[PDB]
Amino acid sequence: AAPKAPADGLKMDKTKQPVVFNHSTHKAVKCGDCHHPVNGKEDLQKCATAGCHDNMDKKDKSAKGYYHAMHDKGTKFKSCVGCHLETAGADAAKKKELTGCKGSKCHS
């Protein structure tokens, strides 16, 4: 059957700055905008699976860079921060909540 979203409260914890991901706040986003095509097939593996976004060098801006995939603009798929920047627009409160590097809903 079509895959179902998991429970809220999923911790992304590849790094020492873990972030909690809630599917319930991301329903307006098609599943494949995140679990994106790889070889033409929407891929439901963990983002940092070997051969995926497995480089824990936060300086790497090639596709395999995990930090890059979560923070950067101009990516083939929207990143967490990229989409949130667009969402917040000029609203400073939303910029803080959704894009702040600290004291945000990502990095609380």
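We number the residues from 1 along the sequence you see.
When the two stretches 26-34 and 39-47 are set side by side, the higher mean Cα temperature factor goes to 26-34. When the CA B factors of the chain's modelled residues are split into thirds, the value for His107 lands in the lowest one.
Per-chain ranking of the deposited C-alpha B factor places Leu10 in the highest third. The entry lists a Cα temperature factor for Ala88 that places it in the lowest third of the chain's modelled residues.
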